[PDB]
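Participant: Please find one structure pasted underneath; my questions will follow.
Cβ coordinates were reconstructed from backbone atoms using ideal geometry, including for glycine residues, and neighbour counts include every protein chain displayed. Derivation of every value follows stated rules applied to the coordinates shown; laboratory data play no part.
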Amino acid sequence: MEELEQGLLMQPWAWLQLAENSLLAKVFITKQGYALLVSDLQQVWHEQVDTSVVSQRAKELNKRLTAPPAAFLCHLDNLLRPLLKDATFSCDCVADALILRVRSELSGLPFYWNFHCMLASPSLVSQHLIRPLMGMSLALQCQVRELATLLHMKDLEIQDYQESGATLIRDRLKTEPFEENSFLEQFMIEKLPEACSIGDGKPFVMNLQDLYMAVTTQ
Amino acid sequence: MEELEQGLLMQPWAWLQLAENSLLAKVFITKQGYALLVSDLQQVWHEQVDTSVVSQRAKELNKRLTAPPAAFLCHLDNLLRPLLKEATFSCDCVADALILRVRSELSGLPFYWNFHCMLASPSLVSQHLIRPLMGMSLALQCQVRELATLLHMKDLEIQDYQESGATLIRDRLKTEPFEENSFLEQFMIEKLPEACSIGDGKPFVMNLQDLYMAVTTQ
Amino acid sequence: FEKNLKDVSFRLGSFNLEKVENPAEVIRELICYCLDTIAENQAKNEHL
C-alpha cells in the first residue's frame with residue numbers, strides 16, 4: 001500500500017542497540033512488511049520488503065522452526081522502534097546490503113537470523129537524508145535568526161535598563177552589551193567545527209531527531 | 001577530483017536559480033572541473049566532476065554547438081558568473097541522473113548544458129550531503145540551545161531590573177519571557193512550510209553559508 | 001509436549017513412543033516410585 005515509504009518520510013530515528021558500531025537503523029514495521037532506512041548519517045540502507053518475504057526469510061534462516069508468519073510479524077513489530085526485537089543486533093556497514101543480525105535465541109541449540117537492507121532508494125534517502133534534513137537545517141537556521149532577533153531585544157533591554165537606573169550592583173557577573181553576531185563569530189570558530197560531529201547516527205537522535213520529527217510533515 | 005571535493009566542502013551552497021525545483025546546489029567552480037552538488041529533495045547526488053567529464057556531459061546533450069574541453073569548462077565557469085557565482089536554469093527532476101537542463105545560449109543557436117550529477121551512493125552521500133549539512137545542522141541545534149539559555153539568563157537579569165526598577169522604555173523590542181520549546185513550536189507553524197517545502201532554499205544559503213565556511217572540519 | 005515460548009505453542013517435545021509389551025511392568029515401576037513418594041515430603045517429620 002506504499003505505507004513503507006510513507007512511514008519512511010515520518011520515520012522516527014531510533015538508536016539500534018548493538019554489540020558493534022551502532023547505526024540508526026530506523027523502520028516503520030507494518031503488517032505488510034517494512035522499510036528499514038538505516039540512516040546513521042554515514043551509510044544509508046533500505047529494507048523494502050513485504051511481510052511474506054521477511055517472514056519466510058526468518059523461517060528459512062531459523063534452522064528448525066515451526067512458527068506462523070504472524071509470530072515473526074510480531075517479532076518484527078517488536079522492532080517497530082528498532083531498539084530490541086528478540087538477540088542483540090549487529091549491523092554490516094560494509095556494502096549496500098545491511099545485515100542486521102537478530103539471533104533468535106532463548107537458550108536452546110544454535111540459531112542465526114538477520115535482516116537484508118538492500119540498496120537504499122535515493123528518493124527515501126532524500127526523505128531522510130536530504131529533503132526533511134534540508135527542511136530541518138533551514139528550520140534550525142531561521143530559528144537561529146529569530147533567536148538573533150530575541151537576543152538583540154534582550155541585550156538592548158538589559159543595556160537600556162543599565163543606563164536608565166537600577167543597574168545591578170554585581171558588576172563582576174554581568175554581561176557586556178551583547179549581540180547575535182558576537183555569538184556567531186565565536187561559534188563559527190569554536191563550536192561549529194566541533195558541533196560538526198556526524199558520528200554513527202547518535203548525534204542525530206540526541207539533537208536532530210526531535211526537530212526532524214517536527215519537520216516530518218514533508 | 002579531491003581538490004574539487006574539498007573546495008565543495010568549503011565553497012558554499014547556492015540554489016540553482018531555475019524557480020522550478022528545490023535544486024539546492026553547492027557551487028565550487030575551479031579549473032580542471034568543478035563541484036556543483038545539486039540535490040532535488042527526492043534523490044542524492046555528488047557532482048565531483050573534472051574538466052573531461054564536464055565537457056563530455058556538456059556534449060552529451062549538445063548536437064551542433066561544441067567546444068574544446070577546457071573551453072567547455074571555462075564556459076560553464078562563466079555560466080554561473082551572472083546568476084550563481086548564460087543565466088538560464090532548468091532540469092528534469094524525474095531523471096535518476098540530475099540532468100540540470102541549463103539551456104544557456106552563446107550563438108543564438110541552441111546549446112545544451114547539464115550539471116549532470118553522479119548518483120551518490122550511500123557511501124558518497126557522507127562526503128557533502130551529510131558532513132557539511134548535518135555539521136551545520138548540529139551547529140544550529142547547539143546555537144539554538146546556547147542562545148536559549150543565554151536568553152533565559154538575560155531575561156533573569158531583565159526581571160531583576162524590573163524588580164529593582166519599574167522603568168519601561170520602548171515596549172517595541174520588549175521581549176516575551178523566552179521558552180526554547182515554545183520558540184520551536186511557534187517556528188514549526190509559519191516557517192515549517194519554508195522548512196519542509198524548501199522551494200527555493202535561498203533562506204538556507206544566505207543564512208547557512210556562514211556555517212558552511214567552517215563546517216569543513218570533518 | 002509444547003513449551004509456550006515466544007508467544008507460540010512451540011513444539012518442546014515430539015517423542016515417538018511404542019506400545020508396551022505389558023503395562024503391568026511399568027505399573028510395578030509406578031507403584032515402587034509410589035513407595036518413594038510414601039517417603040518424600042511429610043513423614044520424616046517423625047525423624048527430625
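Participant: Here is a list of conditions, (1) touching an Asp or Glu at 6+ places or on another chain (Cβ under 9 Å); (2) closer than 18 Å to B:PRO12 by Cα, and B:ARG131 meets all of them except one; can you say which number that is?
Facilitator: Of everything listed in (1) touching an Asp or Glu at 6+ places or on another chain (Cβ under 9 Å); (2) closer than 18 Å to B:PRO12 by Cα, B:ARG131 misses just condition (1).
Participant: Kindly indicate the residue of the stretch B:26-38 that is surrounded by 24 or more Cβ atoms within 10 Å (Cβ to Cβ) and touching a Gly at 6+ places or on another chain (Cβ under 9 Å) and also nearest to A:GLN127 (Cα to Cα) among those meeting that condition.
Facilitator: Residue satisfying both the conditions and the ranking: B:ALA35.
Participant: Something else now. Of a type in the set (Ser, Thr, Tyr), assigned to a helix (DSSP H, G or I) and within 17 Å of A:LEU4 (Cα to Cα) - does that describe any residue in the stretch A:109-124?
Facilitator: Looking only at the stretch A:109-124, we keep the residues that are of a type in the set (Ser, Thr, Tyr), and these are A:112, A:121, A:123.
Checking the rest, the ones that are also assigned to a helix (DSSP H, G or I) come to A:123.
Now restrict to residues that are within 17 Å of A:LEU4 (Cα to Cα): A:123.
Yes; the residues of the stretch A:109-124 include at least one that is of a type in the set (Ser, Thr, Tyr), assigned to a helix (DSSP H, G or I) and within 17 Å of A:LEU4 (Cα to Cα).
Participant: Exactly one of these conditions fails for A:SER126: (1) touching a helix residue (DSSP H, G or I) at 6+ places or on another chain (Cβ under 9 Å); (2) buried (at least 17 other Cβ atoms within 10 Å of the Cβ); (3) over 28 Å from A:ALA214 (Cα atoms). Give me its number.
Facilitator: The one condition A:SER126 does not meet is (3).
Participant: Now a separate question. Has the stretch B:74-88 got any residue that is under 21 Å from the mean Cα position of the chain (by Cα), closer than 30 Å to A:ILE189 by Cα and in a helix (DSSP H, G or I)?
Facilitator: no
Participant: Further question: Of the conditions (1) over 24 Å from B:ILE29 (Cβ atoms); (2) touching a strand residue (DSSP E or B) at 6+ places or on another chain (Cβ under 6 Å); (3) part of a helix (DSSP H, G or I), B:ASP155 satisfies every one except a single condition; which number is it?
Facilitator: Among (1) over 24 Å from B:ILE29 (Cβ atoms); (2) touching a strand residue (DSSP E or B) at 6+ places or on another chain (Cβ under 6 Å); (3) part of a helix (DSSP H, G or I), the lone unmet condition for B:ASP155 is (2).
Participant: So which residues in the stretch B:39-72 are in contact with a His (Cβ under 8 Å, 6 or more places away or on another chain) and among the charged types (D, E, K, R)?
Facilitator: B:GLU47, B:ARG57, B:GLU60
Participant: Enumerate the pairs (first residue in the stretch A:15-37 and closer than 11 Å to A:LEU100 by Cα; second residue anywhere and among the acidic types (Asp, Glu)) with beta-carbon separation below 6 Å, excluding pairs fewer than 6 apart on the same chain, so at least 6 apart or on different chains.
Facilitator: Listed by first residue and then by second, the contacts come to A:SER22/A:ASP200; A:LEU23/A:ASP40; A:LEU23/A:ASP200; A:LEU36/A:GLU47.
Participant: When you scan the stretch A:169-218, how many residues do you find that are more than 8 Å from every other protein chain (Cβ to nearest Cβ), touching a helix residue (DSSP H, G or I) at 6+ places or on another chain (Cβ under 6 Å) and hydrophobic (A, V, I, L, M, F, W, C)?
Facilitator: 0
Participant: Kindly check whether there is at least one residue in the stretch B:31-42 that is more than 16 Å from the chain's Cα centre (by Cα), at positive phi and among the polar types (S, T, N, Q).
Facilitator: Yes: one or more hits.
Participant: Now for a different question. Go through the residues of the stretch A:159-166 one by one and say whether even a single one is more than 7 Å from chain B (Cβ to nearest Cβ), of a type outside the set (S, T, N, Q) and farther than 18 Å from B:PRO132 by Cα.
Facilitator: Of the stretch A:159-166, the ones more than 7 Å from chain B (Cβ to nearest Cβ) are A:159, A:162-163.
When the remaining residues are screened for being of a type outside the set (S, T, N, Q), the result is A:163.
Narrowing further to those that are farther than 18 Å from B:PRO132 by Cα: A:163.
Looking through the stretch A:159-166, at least one residue is more than 7 Å from chain B (Cβ to nearest Cβ), of a type outside the set (S, T, N, Q) and farther than 18 Å from B:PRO132 by Cα.
Participant: Is it the case that A:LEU98 is closer than 17 Å to A:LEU24 by Cα, more than 10 Å from chain B (Cβ to nearest Cβ) and within 19 Å of the chain's Cα centre (by Cα)?
Facilitator: Values: closer than 17 Å to A:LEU24 by Cα: yes; more than 10 Å from chain B (Cβ to nearest Cβ): no; within 19 Å of the chain's Cα centre (by Cα): yes.
Against the criterion (closer than 17 Å to A:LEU24 by Cα, more than 10 Å from chain B (Cβ to nearest Cβ) and within 19 Å of the chain's Cα centre (by Cα)), A:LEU98 does not qualify.
Participant: Can you name the condition, by its number, that B:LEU133 falls short on among (1) crowded, with 16+ Cβ neighbours inside 10 Å; (2) more than 7 Å from chain A (Cβ to nearest Cβ)?
Facilitator: Result: B:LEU133 passes all but (2).
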